[PDB]
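Protein chains in written order, with the UniProt record's numbering: chain A, 2 to 133; chain B, 2 to 75, 84 to 133; chain C, 2 to 133; chain D, 2 to 133; chain E, 2 to 133; chain F, 2 to 133; chain G, 2 to 420.
Where a beta carbon is used, it is the ideal one built from N, C-alpha and C, also for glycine.
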Amino acid sequence: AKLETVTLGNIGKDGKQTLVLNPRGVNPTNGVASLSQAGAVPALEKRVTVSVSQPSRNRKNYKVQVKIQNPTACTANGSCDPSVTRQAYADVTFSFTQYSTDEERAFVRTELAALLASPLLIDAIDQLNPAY
Amino acid sequence: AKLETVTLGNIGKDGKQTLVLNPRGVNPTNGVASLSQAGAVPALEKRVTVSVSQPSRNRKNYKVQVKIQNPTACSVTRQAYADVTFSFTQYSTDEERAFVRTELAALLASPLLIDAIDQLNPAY
Amino acid sequence: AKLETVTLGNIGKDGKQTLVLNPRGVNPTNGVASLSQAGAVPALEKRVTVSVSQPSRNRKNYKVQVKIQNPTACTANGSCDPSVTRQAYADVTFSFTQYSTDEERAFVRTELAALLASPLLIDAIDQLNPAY
Amino acid sequence: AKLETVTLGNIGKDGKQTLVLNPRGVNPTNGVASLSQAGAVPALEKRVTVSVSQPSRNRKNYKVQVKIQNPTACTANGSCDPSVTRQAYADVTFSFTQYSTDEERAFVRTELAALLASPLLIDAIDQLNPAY
Amino acid sequence: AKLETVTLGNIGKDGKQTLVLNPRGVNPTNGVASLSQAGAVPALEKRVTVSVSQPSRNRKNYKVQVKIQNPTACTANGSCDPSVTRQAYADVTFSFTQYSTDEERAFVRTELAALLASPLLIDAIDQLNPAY
Amino acid sequence: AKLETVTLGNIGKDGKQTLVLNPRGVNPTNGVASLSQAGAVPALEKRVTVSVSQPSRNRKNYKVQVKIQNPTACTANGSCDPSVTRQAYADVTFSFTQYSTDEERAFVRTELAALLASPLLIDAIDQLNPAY
Amino acid sequence: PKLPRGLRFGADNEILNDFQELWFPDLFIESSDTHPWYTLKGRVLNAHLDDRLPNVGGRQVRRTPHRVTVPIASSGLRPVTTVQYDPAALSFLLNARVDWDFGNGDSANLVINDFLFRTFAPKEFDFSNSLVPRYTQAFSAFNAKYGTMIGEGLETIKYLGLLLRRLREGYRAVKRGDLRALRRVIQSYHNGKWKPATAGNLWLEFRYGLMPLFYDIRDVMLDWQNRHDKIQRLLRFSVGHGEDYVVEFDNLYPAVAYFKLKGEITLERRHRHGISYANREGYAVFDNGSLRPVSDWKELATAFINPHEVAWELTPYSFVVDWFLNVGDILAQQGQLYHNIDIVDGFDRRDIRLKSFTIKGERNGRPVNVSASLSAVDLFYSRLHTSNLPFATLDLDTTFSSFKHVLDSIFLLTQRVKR
């Protein structure tokens with residue numbers, strides 16, 4: 002799972018835009034690898050955090066956290082560069098039993114990916130339509 | 002957000018199996034819709050719950066939560090589960106929301122997160 | 002009373018505009034059906050809610066609540082999406098007893114409907130003029 | 002907001018009856034005008050109260066109130082005076098900010114009217130059926 | 002018959018909490034009073050029951066009983082119904098010989114108060130530690 | 002809590018009186034503390050015991066027992082040696098649930114300490130105001 | 002149209018259950034394909050096949066639409082629902098892994114998915130002769146099996162009535178006004194010649210002067226609620242008998258005539274019948290919109306023992322009369338549980354469920370080896386409401402008329418209490 006340039010293909014509503022997050026580094030204090038949108042102003046960049054939390058004697062459970070934030074530019078008509086106005090967060094938390102199998106783990110993976118591609122969650126998030 | 006049968010194809014390590022999730026009753030105690038395997042017994046085994054909590058005195062900041070649960074038996086001997094929580098502000102736009110959805114899907118399909126989930130290896 | 006696209010035709014001062022509230026759903030936690038006009042910004046849309054409370058043990062009275070919310074745009078000369086500045090609210094709560102009757106229920110409905118159009122309430126809401 | 006006789010026609014389930022409410026005395030105790038059936042006894046039976054509380058410490062935010070009440074009464078086989086067996090009533094409110102504009106106030110008015118005319122609310126009201 | 006409002010102070014470790022106890026009645030069987038906090042909820046209302054006895058036949062000494070309930074009122078409990086999770090019992094019992102004195106009673110009274118106020122009993126009641 | 006000289010204040014019935022309480026050693030046979038003032042005979046001296054217990058097969062609560070015995074020593078008119086004539090009890094029991102917190106624990110302590118100074122307990126104990 | 006399918010309105014616009022649709026619904030035919038496709042993955046005779054062809058040819062099942070009920074009794078008993086699902090042919094998926102290594106260069110190994118087969122469904126069967134006998138003996142032992150609890154309930158309820166009567170005497174003494182005569186009941190608990198000490202007061206000598214009475218009332222009314230619970234649970238008799246029936250499936254060819262699949266399928270069919278009992282008057286029209294809860298039953302009992310009650314210093318009379326009135330209300334409500342108790346509902350159910358199976362492949366010298374797991378898709382399930390009970394029933398009206406009498410008397414007694 003070496004870090005390196007992540008280029009996610011078609012994304013958004015129409016599926017036309019592409020994203021290029023450059024590899025920054027890894028916070029050691031929590032074992033968190035960080036992925037960053039190519040830019041200059043640290044407040045103006047889409048960010049992703051990948052953490053692989055191994056089991057301990059307090060939880061005895063493997064974990065993967067994947068967090069993604071997108072900030073809004075809201076460029077102001079001058080007077081200086083834009084200010085952070087809105088910020089979309091997403092947080093995925095895979096919770097595996099140590100005995101887990103790569104097979105089940107990939108099942109959970111593609112399962113969540115397909116659910117996030119299906120029309121149900123499409124309207125439940127894009128249009129915030131309660132599941133009903 | 003209509004509740005109906007969901008056919009997830011190309012899933013697994015090699016993207017071959019398929020999951021048929023039929024809907025159930027929306028939990029009125031907290032307003033959460035549910036889907037479960039085709040059945041019969043796996044219906045009460047596999048679960049996919051969806052909720053969209055609108056703003057409140059503690060939320061502000063819509064919170065869309067999607068939980069997945071897979072118990073493996075042979084009596085349930087193991088239980089895998091995942092939870093996704095999107096927090097969106099009131100001025101957020103569906104452009105933003107679909108961007109976020111699609112980005113998260115493209116990440117889960119990207120090599121890094123398959124590496125970090127399937128074999129559980131930190132990015133090093 | 003199944004949900005579906007509600008199209009109010011003529012409404013407003015001169016009676017020329019029309020409104021299309023699209024069907025969102027029903028919050029089941031409180032049994033509240035909701036309707037919204039077509040848009041994208043949750044904070045910038047005309048919304049309506051309908052709720053039907055049956056006679057509880059501590060109430061023993063049928064209730065119908067209908068609310069309408071309309072926010073102002075006040076879109077700025079750039080610098081981001083508009084901002085909610087003003088919020089017009091309307092709330093109606095009709096109430097009967099268990100041996101209530103369809104006919105006098107519709108009677109009260111139509112009575113209030115025509116009151117809303119009579120010139121008294123016209124300038125009472127319109128011009129804020131105390132009934133005098 | 003002058004007080005006079007109001008004859009509301011096309012009332013009820015099929016919209017054929019008519020109600021004439023003549024004016025009353027504007028309540029000094031709270032500044033609220035009153036209208037009542039043409040009479041005689043129904044003058045003290047049926048009521049339509051209208052009030053407009055101006056901006057204050059509690060009120061900010063003008064508040065317009067309309068309370069309609071219709072008491073159903075009956076005469077037992079042997080009695081003379083009619084005793085009220087049931088009591089209908091509904092309460093409409095519009096809370097409007099100090100910078101509100103009259104156009105939007107009338108929009109709100111007409112929107113509430115057109116909804117009360119919409120089949121959805123007549124179903125949920127006249128028939129007492131949750132929208133489902 | 003005790004019908005006095007007690008305005009307590011210096012509650013908790015910080016000493017910045019205050020409480021008020023208003024009488025709620027008397028139990029004309031065992032010489033018991035009742036006092037509560039202002040509110041309408043069992044968990045949010047703290048109980049104080051004092052009781053004074055006199056010799057009749059079973060015993061030859063007085064009894065001053067005092068039972069205080071300080072239920073833990075939780076806010077988030079699935080609805081707006083703050084329930085109880087931890088019931089705080091505080092039971093105090095006295096026994097005075099019929100030939101004792103108001104001086105002796107005041108002596109025990111003040112000694113109890115001072116021990117409670119000192120850092121002696123605080124460590125055994127809050128931190129739960131034995132006498133090293 | 003801990004063996005130490007506890008300098009009390011305001012004993013008897015005035016804010017000027019004080020009292021010093023040195024420890025007398027703990028008894029491993031039972032585990033109950035003992036503090037009292039300089040002297041030789043317990044009848045002449047003033048005793049306070051404390052005891053703390055933790056969850057076990059006996060109970061499931063954190064029991065804090067406190068007793069204060071100040072027996073009246075008579076040393077003339079009959080009993081030449083110090084004899085206990087009048088005995089006064091001070092049994093104070095604190096019980097709490099396994100999942101309680103320190104502030105829950107100190108709430109009752111402050112309640113009782115300031116109630117013993119409040120006027121209710123003063124005339125309920127000293128004057129023995131009936132509570133019928 | 003307003004109400005869901007299985008509901009209808011009453012006289013005063015009250016929610017009611019539509020029997021004509023509940024017991025005699027409109028069946029409809031459906032042919033909704035569930036898995037009309039199968040996938041084979043592997044290699045057979047040195048040929049990797051991964052096509053996806055259909056398997057379902059034609060479906061036909063009769064069944065009933067979706068319905069809703071509402072309890073038709075205080076205890077919350079719901080009426081039974083007529084349901085049908087009688088597929089013309091059964092359905093069972095087989096996710097097997099066929100494979101066999103034959104000589105002269107003949108090997109096969111692959112996995113099948115979403116492959117189903119239709120087989121006969123034995124609908125024609127009836128175990129009435131075996132189920133009807135298993136009611137008479139149960140009824141006969143019923144009274145010998147629960148007469149004890151019924152009798153203790155009958156005595157408990159009378160004891161409650163006696164307690165309420167004594168309380169009513171005390172309250173009437175209060176209302177008329179007297180301090181010494183008010184102690185008529187006080188002398189009924191102390192078991193001793195209690196003497197006065199000073200001048201008391203009416204409400205003071207009644208608010209808690211009757212603590213033993215209050216404790217007794219609470220305890221025995223909780224007692225009655227507990228027995229009540231069981232007793233109404235005792236108004237239902239469901240019994241069923243199950244048997245095994247092995248079946249054979251016709252031959253089938255998942256591949257293109259490359260190998261035959263045979264074997265056996267083990268199922269069991271069980272015939273069940275359940276008889277119920279409730280009122281024979283208001284069962285059709287039971288007001289679900291106006292009833293009291295079950296918690297107030299404990300509320301009233303604990304009210305007098307609650308040492309937190311301010312109405313004793315504002316309006317004792319109102320609070321005590323409301324206590325009386327609500328007790329009488331709950332009593333009358335539960336009364337309908339024992340008025341004209343007879344057969345009101347009856348359903349007969351026939352259901353088939355798989356247990357085990359067997360598979361045997363045979364094409365040339367028994368070369369196939371099968372190690373699969375079976376799962377059904379469609380199972381015969383027919384539940385029909387019936388009113389004709391061709392056998393002696395247990396009419397439980399005579400044995401409950403006493404309870405009805407008691408509750409009516411107690412309600413009269415409590416409603417007789419005036420301000």
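From which residue to which residue does the alpha helix (DSSP H) around residue i run?
i          : result
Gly-148(G) : 134–177
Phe-20(G)  : 20–24
State buried or exposed for residue i, treating a residue as buried only when at least 16 other CB atoms are found within 10 Å of its CB.
i          : result
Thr-73(E)  : buried
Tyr-254(G) : exposed
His-274(G) : buried
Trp-195(G) : exposed
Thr-359(G) : exposed
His-229(G) : buried
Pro-26(G)  : buried
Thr-6(F)   : exposed
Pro-43(A)  : exposed
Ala-41(E)  : exposed
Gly-152(G) : exposed
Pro-56(A)  : exposed
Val-85(B)  : exposed
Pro-88(G)  : buried
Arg-60(B)  : exposed
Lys-47(D)  : buried
How far does the beta strand (DSSP E) with residue i in it reach, from first residue to last?
i          : result
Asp-349(G) : 342–362
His-386(G) : 382–386
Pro-72(A)  : 63–72
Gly-275(G) : 262–280
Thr-8(A)   : 7–12
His-242(G) : 237–248
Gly-329(G) : It is not in any beta strand (DSSP E) - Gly-329(G) instead sits in the alpha helix (DSSP H) that spans 317–336.
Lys-42(G)  : 39–45
Going straight from the alpha carbon of residue i to that of residue j, what length do you get?
i          : j          : result
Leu-223(G) : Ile-123(E) : 42 angstroms
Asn-23(E)  : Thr-30(A)  : 54 angstroms
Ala-139(G) : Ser-388(G) : 20 angstroms
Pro-120(E) : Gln-128(F) : 29 angstroms
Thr-50(A)  : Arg-25(B)  : 34 angstroms
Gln-38(B)  : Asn-71(B)  : 10 angstroms
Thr-40(G)  : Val-69(G)  : 40 angstroms
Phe-118(G) : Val-21(C)  : 51 angstroms
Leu-36(B)  : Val-378(G) : 18 angstroms
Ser-402(G) : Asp-288(G) : 22 angstroms
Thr-157(G) : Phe-412(G) : 16 angstroms
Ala-256(G) : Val-57(G)  : 15 angstroms
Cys-75(C)  : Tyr-100(D) : 12 angstroms
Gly-16(E)  : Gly-10(E)  : 7 angstroms
Near-chain A residues of the region 85–106 of chain B - C-beta to any C-beta below 7 angstroms: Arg-87, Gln-88, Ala-89, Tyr-90, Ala-91, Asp-92, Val-93, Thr-94, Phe-95, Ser-96, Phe-97, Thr-98, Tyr-100, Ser-101, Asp-103, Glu-104, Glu-105, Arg-106
When you check each C-beta in the region 41–64 of chain C against every C-beta of chain G, which residues fall closer than 8 angstroms? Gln-55, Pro-56, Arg-58, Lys-61
According to a CB-to-CB cut-off of less than 7 angstroms, which residues of the region 280–296 of chain G neighbour chain C? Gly-290, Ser-291, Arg-293, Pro-294
If you measure beta-carbon to beta-carbon, which residues of the region 115–128 of chain B are closer than 9 angstroms to chain A? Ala-115, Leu-116, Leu-117, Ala-118, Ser-119, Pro-120, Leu-121, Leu-122, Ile-123, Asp-124, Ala-125, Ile-126, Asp-127, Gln-128
Kindly provide the ranges of any beta strand (DSSP E) runs that are 3 or more residues long and lie completely inside the region 72–131 of chain E, ordered along the chain. 90–96
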